[PDB]
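J.: my_file11.cif (mmCIF, C-alpha atoms and all ligand atoms) pasted underneath:
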data_query
#
loop_
_atom_site.group_PDB
_atom_site.id
_atom_site.type_symbol
_atom_site.label_atom_id
_atom_site.label_comp_id
_atom_site.auth_asym_id
_atom_site.auth_seq_id
_atom_site.Cartn_x
_atom_site.Cartn_y
_atom_site.Cartn_z
ATOM 1 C CA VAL A 12 97.607 -1.384 134.663
ATOM 2 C CA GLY A 13 96.610 -4.580 132.895
ATOM 3 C CA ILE A 14 93.528 -5.364 130.847
ATOM 4 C CA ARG A 15 90.627 -7.174 132.517
ATOM 5 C CA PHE A 16 87.770 -8.712 130.552
ATOM 6 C CA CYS A 17 84.068 -9.134 131.220
ATOM 7 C CA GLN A 18 82.892 -12.684 131.843
ATOM 8 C CA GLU A 19 79.690 -12.265 129.798
ATOM 9 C CA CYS A 20 80.731 -10.732 126.463
ATOM 10 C CA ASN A 21 84.519 -11.095 126.895
ATOM 11 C CA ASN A 22 85.262 -7.476 126.050
ATOM 12 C CA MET A 23 87.606 -4.952 127.614
ATOM 13 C CA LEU A 24 86.388 -3.471 130.897
ATOM 14 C CA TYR A 25 86.458 0.314 130.913
ATOM 15 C CA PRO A 26 86.582 2.197 134.230
ATOM 16 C CA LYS A 27 83.308 3.806 135.270
ATOM 17 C CA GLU A 28 82.573 6.164 138.146
ATOM 18 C CA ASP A 29 80.127 5.313 140.939
ATOM 19 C CA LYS A 30 79.001 8.743 142.146
ATOM 20 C CA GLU A 31 77.126 7.285 145.142
ATOM 21 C CA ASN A 32 79.608 5.203 147.160
ATOM 22 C CA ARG A 33 82.746 7.064 145.980
ATOM 23 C CA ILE A 34 84.114 3.809 144.554
ATOM 24 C CA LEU A 35 85.751 2.656 141.327
ATOM 25 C CA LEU A 36 83.887 0.229 139.061
ATOM 26 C CA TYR A 37 85.037 -1.555 135.910
ATOM 27 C CA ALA A 38 82.182 -1.862 133.418
ATOM 28 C CA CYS A 39 81.936 -2.953 129.793
ATOM 29 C CA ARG A 40 80.059 -1.350 126.903
ATOM 30 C CA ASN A 41 78.416 -4.564 125.623
ATOM 31 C CA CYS A 42 76.593 -5.876 128.728
ATOM 32 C CA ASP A 43 75.918 -4.496 132.274
ATOM 33 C CA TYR A 44 78.600 -6.534 134.071
ATOM 34 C CA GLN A 45 80.243 -4.574 136.893
ATOM 35 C CA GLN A 46 83.289 -5.210 139.056
ATOM 36 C CA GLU A 47 85.457 -3.715 141.792
ATOM 37 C CA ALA A 48 89.192 -3.451 141.173
ATOM 38 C CA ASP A 49 92.161 -3.747 143.518
ATOM 39 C CA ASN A 50 94.785 -1.762 141.584
ATOM 40 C CA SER A 51 92.920 1.527 142.244
ATOM 41 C CA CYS A 52 95.165 3.110 139.580
ATOM 42 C CA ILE A 53 93.718 3.619 136.109
ATOM 43 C CA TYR A 54 96.881 4.505 134.209
ATOM 44 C CA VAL A 55 100.637 4.346 134.783
ATOM 45 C CA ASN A 56 103.292 5.885 132.526
ATOM 46 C CA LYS A 57 107.007 5.568 133.273
ATOM 47 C CA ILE A 58 109.220 7.461 130.839
ATOM 48 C CA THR A 59 112.594 6.261 132.133
ATOM 49 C CA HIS A 60 111.715 2.619 131.374
ATOM 50 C CA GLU A 61 115.253 1.318 131.952
ATOM 51 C CA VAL A 62 113.998 -2.259 131.977
ATOM 52 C CA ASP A 63 116.481 -4.874 133.155
ATOM 53 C CA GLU A 64 116.615 -7.454 130.369
ATOM 54 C CA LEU A 65 117.121 -10.303 132.859
ATOM 55 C CA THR A 66 113.355 -10.722 132.645
ATOM 56 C CA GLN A 67 113.510 -10.708 128.839
ATOM 57 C CA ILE A 68 116.666 -12.812 128.399
ATOM 58 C CA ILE A 69 115.825 -16.404 127.513
ATOM 59 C CA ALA A 70 117.919 -19.192 129.013
ATOM 60 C CA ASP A 71 118.021 -20.925 125.604
ATOM 61 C CA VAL A 72 120.668 -18.521 124.270
ATOM 62 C CA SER A 73 123.309 -20.776 125.850
ATOM 63 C CA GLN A 74 123.122 -23.046 122.780
ATOM 64 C CA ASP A 75 124.264 -20.277 120.424
ATOM 65 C CA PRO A 76 127.586 -21.230 118.779
ATOM 66 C CA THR A 77 128.244 -17.613 117.759
ATOM 67 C CA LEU A 78 128.422 -16.202 121.257
ATOM 68 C CA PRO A 79 131.624 -15.627 123.231
ATOM 69 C CA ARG A 80 132.330 -17.766 126.277
ATOM 70 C CA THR A 81 134.356 -17.183 129.428
ATOM 71 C CA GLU A 82 135.479 -19.312 132.358
ATOM 72 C CA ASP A 83 136.458 -16.532 134.792
ATOM 73 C CA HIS A 84 132.829 -15.912 135.849
ATOM 74 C CA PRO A 85 131.421 -18.972 137.636
ATOM 75 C CA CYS A 86 127.672 -19.309 137.992
ATOM 76 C CA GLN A 87 126.245 -18.100 141.291
ATOM 77 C CA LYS A 88 123.846 -21.031 141.703
ATOM 78 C CA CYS A 89 125.434 -24.197 140.310
ATOM 79 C CA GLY A 90 129.054 -23.033 140.363
ATOM 80 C CA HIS A 91 129.576 -23.941 136.711
ATOM 81 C CA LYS A 92 132.632 -22.236 135.247
ATOM 82 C CA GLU A 93 131.795 -21.668 131.581
ATOM 83 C CA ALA A 94 129.239 -18.909 131.040
ATOM 84 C CA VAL A 95 128.147 -17.265 127.802
ATOM 85 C CA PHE A 96 127.956 -13.476 127.731
ATOM 86 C CA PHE A 97 126.697 -10.727 125.441
ATOM 87 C CA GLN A 98 125.703 -7.033 125.457
ATOM 88 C CA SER A 99 122.218 -5.451 125.751
ATOM 89 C CA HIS A 100 121.397 -6.996 122.306
ATOM 90 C CA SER A 101 118.261 -4.769 122.222
ATOM 91 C CA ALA A 102 117.270 -1.280 120.988
ATOM 92 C CA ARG A 103 115.954 1.538 123.272
ATOM 93 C CA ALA A 104 118.760 0.573 125.715
ATOM 94 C CA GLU A 105 120.354 4.077 125.690
ATOM 95 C CA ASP A 106 124.034 3.273 124.954
ATOM 96 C CA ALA A 107 124.888 1.016 127.938
ATOM 97 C CA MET A 108 127.487 -1.567 126.801
ATOM 98 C CA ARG A 109 126.993 -3.470 130.077
ATOM 99 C CA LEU A 110 127.522 -7.206 129.749
ATOM 100 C CA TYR A 111 124.941 -9.882 130.514
ATOM 101 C CA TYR A 112 125.666 -13.488 131.445
ATOM 102 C CA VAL A 113 123.882 -16.816 131.037
ATOM 103 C CA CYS A 114 125.070 -20.078 132.557
ATOM 104 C CA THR A 115 125.732 -22.768 129.960
ATOM 105 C CA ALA A 116 124.964 -25.750 132.218
ATOM 106 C CA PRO A 117 121.738 -27.440 131.038
ATOM 107 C CA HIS A 118 118.578 -26.629 133.051
ATOM 108 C CA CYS A 119 120.416 -24.016 135.150
ATOM 109 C CA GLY A 120 119.653 -20.964 133.027
ATOM 110 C CA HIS A 121 120.938 -18.483 135.593
ATOM 111 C CA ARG A 122 120.992 -15.029 133.989
ATOM 112 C CA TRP A 123 122.853 -12.365 135.969
ATOM 113 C CA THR A 124 124.874 -9.214 135.342
ATOM 114 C CA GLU A 125 127.912 -8.322 137.431
ATOM 115 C CA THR B 674 164.023 19.880 76.980
ATOM 116 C CA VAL B 675 167.178 20.466 79.030
ATOM 117 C CA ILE B 676 165.972 18.452 82.016
ATOM 118 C CA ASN B 677 164.729 15.554 79.877
ATOM 119 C CA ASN B 678 167.996 15.252 77.980
ATOM 120 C CA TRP B 679 169.919 15.349 81.248
ATOM 121 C CA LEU B 680 167.588 12.734 82.729
ATOM 122 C CA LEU B 681 168.733 10.508 79.881
ATOM 123 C CA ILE B 682 171.979 10.385 81.933
ATOM 124 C CA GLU B 683 170.752 10.043 85.518
ATOM 125 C CA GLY B 684 167.646 7.912 84.999
ATOM 126 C CA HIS B 685 164.736 7.175 87.288
ATOM 127 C CA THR B 686 162.761 4.128 88.400
ATOM 128 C CA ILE B 687 160.580 2.682 91.156
ATOM 129 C CA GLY B 688 160.767 -0.803 92.591
ATOM 130 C CA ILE B 689 160.518 -3.244 95.453
ATOM 131 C CA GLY B 690 163.914 -2.151 96.734
ATOM 132 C CA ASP B 691 162.342 1.297 97.010
ATOM 133 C CA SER B 692 159.240 -0.121 98.731
ATOM 134 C CA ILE B 693 161.024 -2.315 101.333
ATOM 135 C CA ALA B 694 162.030 -1.173 104.829
ATOM 136 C CA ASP B 695 164.603 -2.348 107.397
ATOM 137 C CA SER B 696 164.306 -4.978 110.127
ATOM 138 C CA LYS B 697 164.533 -2.408 112.924
ATOM 139 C CA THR B 698 161.712 -0.431 111.316
ATOM 140 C CA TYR B 699 159.613 -3.584 111.039
ATOM 141 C CA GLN B 700 160.185 -4.250 114.734
ATOM 142 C CA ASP B 701 159.169 -0.682 115.596
ATOM 143 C CA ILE B 702 155.993 -0.902 113.513
ATOM 144 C CA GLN B 703 154.973 -4.248 115.004
ATOM 145 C CA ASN B 704 155.617 -2.974 118.536
ATOM 146 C CA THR B 705 153.479 0.110 117.930
ATOM 147 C CA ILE B 706 150.648 -1.977 116.486
ATOM 148 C CA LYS B 707 150.687 -4.386 119.425
ATOM 149 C CA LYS B 708 150.608 -1.511 121.915
ATOM 150 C CA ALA B 709 147.643 0.066 120.115
ATOM 151 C CA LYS B 710 145.698 -3.198 120.064
ATOM 152 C CA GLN B 711 146.393 -3.663 123.774
ATOM 153 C CA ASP B 712 145.123 -0.143 124.497
ATOM 154 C CA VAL B 713 141.943 -0.787 122.510
ATOM 155 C CA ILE B 714 141.422 -3.990 124.502
ATOM 156 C CA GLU B 715 141.857 -2.049 127.744
ATOM 157 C CA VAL B 716 139.303 0.553 126.658
ATOM 158 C CA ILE B 717 136.833 -2.215 125.814
ATOM 159 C CA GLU B 718 137.384 -3.840 129.214
ATOM 160 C CA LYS B 719 136.758 -0.546 131.002
ATOM 161 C CA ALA B 720 133.583 -0.009 128.977
ATOM 162 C CA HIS B 721 132.322 -3.510 129.800
HETATM 163 ZN ZN ZN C 1 80.257 -7.605 129.334
HETATM 164 ZN ZN ZN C 2 124.666 -22.224 136.525
#
Go through the file and emit its structure as structure tokens.

T.:
Amino acid sequence: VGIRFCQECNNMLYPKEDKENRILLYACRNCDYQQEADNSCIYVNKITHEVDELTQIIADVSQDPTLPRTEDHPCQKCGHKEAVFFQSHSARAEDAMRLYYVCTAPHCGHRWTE
Amino acid sequence: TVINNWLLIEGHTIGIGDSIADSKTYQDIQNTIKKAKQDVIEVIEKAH
């Protein structure tokens, strides 16, 4: 999945085949540094990719003066009443007009979606 | 010619009295507008 780098030349490690022990080795093209990986999966491609933005929503959006606010949706963690909300606010999100919420209490930053 | 010289008797105009409605009509229009805005709000709530 991710990119792993050689410790000698600090270049990308390409996958190379070990035709003796039937094992996967990551080797670079600059030096002869070898490795054994734990992912065991070279490549992964998901075409749905309906990523939940709760990973990508920052908790600092609560300081936006231009966002709507509601008090009928208390925070799950700290029980604070006021909570900002907004839509997907991102492209490649199909057409879902689902709402997203962020707690406005400082240092809480709870970001959920009912 | 005939219609113009007769129109010199009847006359024609356009004014605010011709562009103003009645109180009952104003109430009807405002009611309809409020109902439509409420329905739009309901649709938005269902979408959310
Ligand atoms: Zn290397
Ligand atoms: Zn909270």

J.: Go through the shown structure with the PyMOL selection byres ((chain A) within 12 of (chain B)) and write out the matching residues as a list in words.

T.: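 After applying the PyMOL selection byres ((chain A) within 12 of (chain B)), what remains is residues 96, 97, 98, 99, 106, 107, 108, 109, 110, 111, 124 and 125 of chain A.
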
J.: What does the file look like for those residues with C-alpha atoms, as a PDB file, in the coordinates of the input?

T.:
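Output file part-v6.pdb follows:
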ATOM      1  CA  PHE A  96     127.956 -13.476 127.731  1.00  0.00           C
ATOM      2  CA  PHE A  97     126.697 -10.727 125.441  1.00  0.00           C
ATOM      3  CA  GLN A  98     125.703  -7.033 125.457  1.00  0.00           C
ATOM      4  CA  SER A  99     122.218  -5.451 125.751  1.00  0.00           C
ATOM      5  CA  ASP A 106     124.034   3.273 124.954  1.00  0.00           C
ATOM      6  CA  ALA A 107     124.888   1.016 127.938  1.00  0.00           C
ATOM      7  CA  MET A 108     127.487  -1.567 126.801  1.00  0.00           C
ATOM      8  CA  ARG A 109     126.993  -3.470 130.077  1.00  0.00           C
ATOM      9  CA  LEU A 110     127.522  -7.206 129.749  1.00  0.00           C
ATOM     10  CA  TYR A 111     124.941  -9.882 130.514  1.00  0.00           C
ATOM     11  CA  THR A 124     124.874  -9.214 135.342  1.00  0.00           C
ATOM     12  CA  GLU A 125     127.912  -8.322 137.431  1.00  0.00           C
TER      13      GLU A 125
END

J.: For this structure, which residues satisfy the selection - the PyMOL selection byres (((not hetatm)) within 6 of (chain C and resi 2)) - when it is evaluated on the file as given? I want them as a PDB file with C-alpha atoms, in the frame of the given file.

T.:
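The result, written out as expr_9.pdb:
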ATOM      1  CA  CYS A  86     127.672 -19.309 137.992  1.00  0.00           C
ATOM      2  CA  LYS A  88     123.846 -21.031 141.703  1.00  0.00           C
ATOM      3  CA  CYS A  89     125.434 -24.197 140.310  1.00  0.00           C
ATOM      4  CA  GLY A  90     129.054 -23.033 140.363  1.00  0.00           C
ATOM      5  CA  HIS A  91     129.576 -23.941 136.711  1.00  0.00           C
ATOM      6  CA  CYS A 114     125.070 -20.078 132.557  1.00  0.00           C
ATOM      7  CA  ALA A 116     124.964 -25.750 132.218  1.00  0.00           C
ATOM      8  CA  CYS A 119     120.416 -24.016 135.150  1.00  0.00           C
ATOM      9  CA  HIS A 121     120.938 -18.483 135.593  1.00  0.00           C
TER      10      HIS A 121
END

J.: Apply the PyMOL selection byres (((chain A and resi 14-30) around 8) and not hetatm) to the displayed file and report the matching residues as a PyMOL selection string.

T.: chain A and resi 12-13+31-42+44+53

J.: Please measure the separation of CA of residue 80 in chain A and CA of residue 95 in chain A, giving the value in Å to one decimal.

T.: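 So the two atoms, CA of residue 80 in chain A and CA of residue 95 in chain A, lie 4.5 Å apart.
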
J.: Using Å and a single decimal, report how far CA of residue 112 in chain A sits from CA of residue 81 in chain A.

T.: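 Computing the Euclidean distance for CA of residue 81 in chain A and CA of residue 112 in chain A yields 9.7 Å.
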
J.: Please, what is the axis-aligned box for every listed atom of range 684-703 of chain B with 6 Å on each side, as centre and edge lengths in Å to one decimal, as AutoDock Vina command-line options?

T.:
--center_x 161.3 --center_y 1.5 --center_z 100.3 --size_x 24.7 --size_y 24.9 --size_z 42.6

J.: Pick out the closest residue to residue 87 in chain A from this set: A:113, A:49, A:104, A:59. Count only C-alpha atoms.

T.: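 Among the listed residues, the smallest separation from residue 87 in chain A belongs to A:113.
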
J.: Go ahead and compute the interatomic distance for CA of residue 702 in chain B and CA of residue 719 in chain B, in Å to one decimal.

T.: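 So the two atoms, CA of residue 702 in chain B and CA of residue 719 in chain B, lie 26.0 Å apart.
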
J.: Because the input lacks atoms here, generate N, CA and C atoms for range 702-714 of chain B and report them as a JSON list (two decimals), in the coordinates of the input.

T.:
[["chain", "number", "residue", "atom", "x", "y", "z"],
["B", 702, "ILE", "N", 157.38, -0.94, 113.96],
["B", 702, "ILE", "CA", 155.99, -0.90, 113.51],
["B", 702, "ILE", "C", 155.17, -1.96, 114.23],
["B", 703, "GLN", "N", 155.71, -3.18, 114.33],
["B", 703, "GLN", "CA", 154.97, -4.25, 115.00],
["B", 703, "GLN", "C", 154.77, -3.94, 116.48],
["B", 704, "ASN", "N", 155.78, -3.36, 117.14],
["B", 704, "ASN", "CA", 155.62, -2.97, 118.54],
["B", 704, "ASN", "C", 154.51, -1.94, 118.69],
["B", 705, "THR", "N", 154.50, -0.92, 117.83],
["B", 705, "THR", "CA", 153.48, 0.11, 117.93],
["B", 705, "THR", "C", 152.09, -0.48, 117.73],
["B", 706, "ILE", "N", 151.95, -1.37, 116.75],
["B", 706, "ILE", "CA", 150.65, -1.98, 116.49],
["B", 706, "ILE", "C", 150.18, -2.80, 117.68],
["B", 707, "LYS", "N", 151.08, -3.58, 118.28],
["B", 707, "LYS", "CA", 150.69, -4.39, 119.42],
["B", 707, "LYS", "C", 150.27, -3.51, 120.60],
["B", 708, "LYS", "N", 150.99, -2.41, 120.83],
["B", 708, "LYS", "CA", 150.61, -1.51, 121.92],
["B", 708, "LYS", "C", 149.23, -0.91, 121.66],
["B", 709, "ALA", "N", 148.95, -0.52, 120.42],
["B", 709, "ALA", "CA", 147.64, 0.07, 120.12],
["B", 709, "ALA", "C", 146.52, -0.94, 120.31],
["B", 710, "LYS", "N", 146.73, -2.18, 119.87],
["B", 710, "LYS", "CA", 145.70, -3.20, 120.06],
["B", 710, "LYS", "C", 145.47, -3.47, 121.54],
["B", 711, "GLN", "N", 146.55, -3.49, 122.34],
["B", 711, "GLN", "CA", 146.39, -3.66, 123.77],
["B", 711, "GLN", "C", 145.59, -2.52, 124.39],
["B", 712, "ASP", "N", 145.86, -1.29, 123.96],
["B", 712, "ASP", "CA", 145.12, -0.14, 124.50],
["B", 712, "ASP", "C", 143.65, -0.20, 124.12],
["B", 713, "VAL", "N", 143.34, -0.63, 122.90],
["B", 713, "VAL", "CA", 141.94, -0.79, 122.51],
["B", 713, "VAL", "C", 141.27, -1.84, 123.38],
["B", 714, "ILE", "N", 141.97, -2.95, 123.64],
["B", 714, "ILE", "CA", 141.42, -3.99, 124.50],
["B", 714, "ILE", "C", 141.15, -3.45, 125.90]]
